[PDB]
């Protein structure tokens, strides 16, 4: 009798210990595009040293040209318009802004902000419905009120920033639609493997997509959650490609490396260690799911399959 199965470790954490306390600045808006911007059409670059990978290995690019996905960090409204314009040059299909952020976020006077709590876990434990309700309520409450917006600096605490009286409030959905993109929200908790609910919702969405749909995934930094869903998409759409190639190529186009590697964090970040290990095992488990259920058209969803085929540490 296990309390939390692998893939659900974050459920053991106490939400009350990571409550939001400040409007974090999501992007300073100085660059034309969000950070870590990349597409499946991009050329593969040398792997990052920290993953101790084979720099000589050349992964197959089979299916990358038809993949039609991209990823990035959070963005200002102008930056998102730039992304959309760039993605429109690559396709005539619907372009989706796939928001993977569980944390409450939006735009105050056009400034991309998020309600930040320790570890960015201000909405930990909330259902997607409660997180989005908190988001709507917090954004609305900011209108015509004085707010402190700051970037995090030394030790993930506010540093400098600015104070203003908000005259306009927008949700990311509004910002996406103003950029001509369709919007899809998946409330994934920062730093950890996406929940079975997060993944079931994604696979359900994925099967409704027209052939030429282009998915632009993003989280806060554009690394952890963004690459997890990019990899999942790659595996679903190109089930013939080996796990190694999927992981290598999503990393080499600019994303995270979701395969095994020597995990090393700063003392102050030791809490991330088991979550990285968990991600590695779940990635392999998701690959198994795709391989075992593609043939029948996914009659059984990921959550159900995972419960009868639990992952092991």
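Positions refer to the first chain, counted from 1.
Peer 1: If you average the Cα B factors in the entry, which is higher, 149-157 or 106-114?
Peer 2: On average, C-alpha B-factors are higher across 149-157.
Peer 1: Would you mind comparing 164-172 and 97-105 for me and telling me which has the higher average C-alpha temperature factor in the entry?
Peer 2: Taking the mean B-factor of the alpha carbons in each, 164-172 is higher.
Peer 1: Looking at 259, 254, 34, 59, which has the highest CA B-factor as recorded?
Peer 2: Comparing C-alpha B-factors across 259, 254, 34, 59, the top value belongs to 59.
Peer 1: Tell me which of 131, 178, 215, 219 tops the list for C-alpha B factor in the record.
Peer 2: Result of the comparison over 131, 178, 215, 219: 178.
Peer 1: Could you place residue 306 in the lowest, middle or highest third of its chain by Cα temperature factor, using the values in the record?
Peer 2: Lowest third of the chain for residue 306's C-alpha B-factor.
Peer 1: Compare the C-alpha B factor of residue 135 with those of the other modelled residues in its chain, then answer lowest, middle or highest third.
Peer 2: It belongs to the middle third of the chain when residues are ordered by C-alpha B-factor.
Peer 1: Would you mind ranking residue 86 by its C-alpha B-factor against the rest of the chain and naming the third, lowest, middle or highest?
Peer 2: Its C-alpha B-factor belongs to the highest third of this chain's values.
Peer 1: Please place residue 232 in the lowest, middle or highest third of its chain according to the CA B-factor in the PDB entry.
Peer 2: Lowest third, going by the recorded CA B-factors of the chain.
Peer 1: Would you mind checking where the Cα B-factor of residue 73 ranks among the modelled residues of its chain, as the lowest, middle or highest third?
Peer 2: Middle third of the chain for residue 73's C-alpha B-factor.
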